[PDB]
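Colleague: Mind folding the following:
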Amino acid sequence: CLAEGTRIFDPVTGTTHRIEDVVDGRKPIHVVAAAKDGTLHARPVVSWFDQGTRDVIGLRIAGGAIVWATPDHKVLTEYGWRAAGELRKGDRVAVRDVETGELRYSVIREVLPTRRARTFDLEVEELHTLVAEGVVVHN
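Modeller: Residues are numbered from 1 along each chain as shown. The coordinates are given below.
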């Protein structure tokens, strides 16, 4: 699950939403989703899930971005999809270049201790993934 405060870029509108607003308001935004061959695409959100309060760890990436998610949440890394909790400083995760919109990989600079927060998940059509805080993760 993804933590409240998690920013999601909508490639169609160019707008960035906080995941809790998307869920509580059932907003049919589009996200940047990742396909199997390292290609990114725009995909609509068709379902919204409020996961309640849970512990979320933080992954601080090169550039400053920090994605907060439950330790079981899947993240795309240089070595494939792995649960956030298995990640450590030095590991590289998939990110979307703020400018080029291209897929690249960035180093995890620090792993932060857990903190309490409402958590969520979305259903992204077909590709079931999205870019959160610039990082590619499971929906």
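Colleague: Could you give the separation of stretch 82-97 from the chain centroid?
Modeller: 11 Å (C-alpha atoms, centre = their mean, to the nearest Å).
Colleague: Could you write out the alpha-carbon coordinates of it in PDB?
Modeller: C-alpha atoms of stretch 82-97 as PDB (Å, rounded to 0.1, in the frame of the first residue of the first chain):
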ATOM      1  CA  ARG A  82      10.900  -6.300  -5.100                       C
ATOM      2  CA  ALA A  83       9.000  -5.600  -1.800                       C
ATOM      3  CA  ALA A  84      10.000  -2.200  -0.500                       C
ATOM      4  CA  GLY A  85      11.100  -3.800   2.800                       C
ATOM      5  CA  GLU A  86      13.900  -5.700   1.100                       C
ATOM      6  CA  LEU A  87      15.400  -2.600  -0.400                       C
ATOM      7  CA  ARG A  88      18.600  -1.000   1.000                       C
ATOM      8  CA  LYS A  89      20.800   2.000   0.500                       C
ATOM      9  CA  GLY A  90      22.700   1.400  -2.800                       C
ATOM     10  CA  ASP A  91      19.900  -0.400  -4.600                       C
ATOM     11  CA  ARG A  92      18.600   1.300  -7.700                       C
ATOM     12  CA  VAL A  93      14.900   1.800  -8.500                       C
ATOM     13  CA  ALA A  94      13.000   2.800 -11.600                       C
ATOM     14  CA  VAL A  95      12.100   6.500 -11.900                       C
ATOM     15  CA  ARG A  96      10.500   8.700 -14.500                       C
ATOM     16  CA  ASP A  97      12.700  11.600 -15.600                       C
END
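Colleague: Pull out the buried positions in that stretch.
Modeller: 82, 84, 87, 91, 92, 93, 94, 95, 96 (16 or more other C-beta atoms under 10 Å). In short, each C-beta sits where N, CA and C put it, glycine included.
Colleague: Name whatever forms a beta bridge with the fifth one.
Modeller: Beta-bridge pairing of residue 92, defined through DSSP bridges, involves residue 107.
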